[PDB]
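Just the one chain here, laid out as structure tokens, in the form deposited in one PDB entry.
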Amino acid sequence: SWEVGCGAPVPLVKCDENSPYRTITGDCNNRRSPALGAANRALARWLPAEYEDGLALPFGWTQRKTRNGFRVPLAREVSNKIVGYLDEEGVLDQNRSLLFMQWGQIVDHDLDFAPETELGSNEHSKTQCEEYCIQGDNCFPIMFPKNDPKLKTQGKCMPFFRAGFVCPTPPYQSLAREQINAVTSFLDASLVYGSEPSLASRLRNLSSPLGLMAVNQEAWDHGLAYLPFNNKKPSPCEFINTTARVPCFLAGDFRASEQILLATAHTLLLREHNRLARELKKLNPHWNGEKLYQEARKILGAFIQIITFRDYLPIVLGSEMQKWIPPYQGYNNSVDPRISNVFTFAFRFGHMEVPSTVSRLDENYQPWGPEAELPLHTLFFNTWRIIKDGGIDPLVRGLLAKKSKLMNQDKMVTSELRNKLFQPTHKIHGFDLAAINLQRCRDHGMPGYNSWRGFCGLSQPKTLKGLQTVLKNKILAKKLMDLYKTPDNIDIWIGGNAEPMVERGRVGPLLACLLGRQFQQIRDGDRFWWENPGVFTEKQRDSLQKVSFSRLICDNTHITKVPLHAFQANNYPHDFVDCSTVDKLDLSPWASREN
């Protein structure tokens, strides 16, 4: 009896073993072990958790306790001394479009979500944490350094609440603390449809037999849909501009409105589901609502899987791609498809790819208006700019014509995210995503940098000179040493991202290994992987591999000129072709004949 028992945050259902459709919760994917990969279960552990008291307290909680003999540096100090920079000039990725960054966030949200602990609204807890900066229970504050300008301007700390854990929610005492993944581990478009039956149903248009998703009724985009507004007040979206009073959107995932470009991608996907569903109603007039919904949903999930694995991963892993993700051999029921705890930190390499501004372009791809280029921080939880400032068409063009930020050892995360992050729960544009990531690593009980190097079969630097050789950077390796005093204590998020990029990729050795294993596993352990014989017919497969993000844009926006390879850097007008030159998805293979 391994630690086999606990199972509390989870459901009630039966499995229909011959259903051709995925469940909403992920349950029933694996036949021998039904709960594998399902939502609201613990993140898998590739290595034992490392807590200060061996079970739940994070390192840095008890100032008198050390980690391998040394105090762990304050998250915000590492942020200031290492992660920050002032000059945005020369920081853009010359061969990756803004879409490269945006797709990563989409894939990250489809796979993992560890929500913070709630326990109390009409509670002085939210007060005692933000107002007095008192560590205790789920309040684990990010204290400011001496000499930090936020001390003079914001307070003594940044509130931070520990992530939820399986089993309960109130105090737990025996086995080690395991964080929750609130979404399904399979790449299945759960960010569009939801991971709970509760929300999946609410997102659907059930008053009509067409299998469509509910759309906004207050607002339209030149005859195209917007996601419906969300029903919870107070909403962070109307707070950022109490005059416009425009709420956040309602999507399969709760993070949809964190930033305008993410909300934009969610809208494109919502539209494709409806486009697909009314297009299927046309070929199969007899199919009912449920059939239309499931069938369009199945297609959309295949689309996300194809673009991710054919177009996105090859340019993230580069030459390491083949090393971790060999060609598909078919479904393997012995593979654990669960997303690991460390993956949720390794996938955060994307934060260093976010630029400081977002632009809106007009039909010739020229600046759209007088204030076309805006600072990223004014777009956090901003939905009013979409509904009241031109729709998504100007934003989508920016995604195609602008570049991502390139990871740079001297310029890691932009100040828009490092000093001005807005949290849905608080009211200042003054948080630090980098310090939060570091703090969260400790909160999740992550092993140090060298434990992961070993796990991936990579050398493990013990000295400064050793760290210089791995990082190939003398001064970085030595800021790192002055703060951490041993490479063993380096938090994985900063350690992984500090490594030089592999050839043709955008991450280093350690990250390539961690990312590559995870993706190989969610592909091989998915009974509904699009290439698995029997999921789709041979003819449906020939049709599916013609999808492209470019075509998705053409069919769901009023944009008529798009690049052929949307993820690489493309210059207008030279790299842009006419939408009619672009491959469509041929849905005829989905036509049925029941007589």
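The numbering used is simple: start at 1 and walk along the sequence shown. Here, rigid core means the biggest group of C-alpha atoms that superpose within 1.5 Å across both forms. Only residues modelled in both forms are compared.
Keep in mind that the form deposited in another entry is missing from the display, and what follows is about it.
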* Classify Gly120 as shifted (yes) or not shifted (no) between the shown form and the other one, where shifted means its C-alpha moves by 2 Å or more with the rigid core superposed. => yes
* Indicate whether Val582 shows a C-alpha shift of 2 Å or more between the shown form and the other one, with the rigid core used for the fit. => no
* Mind listing the moving segments between the shown form and the other one, meaning three or more residues in a row, each Cα shifted 2 angstroms or more, core aligned? -> 1-3, 7-12, 120-122
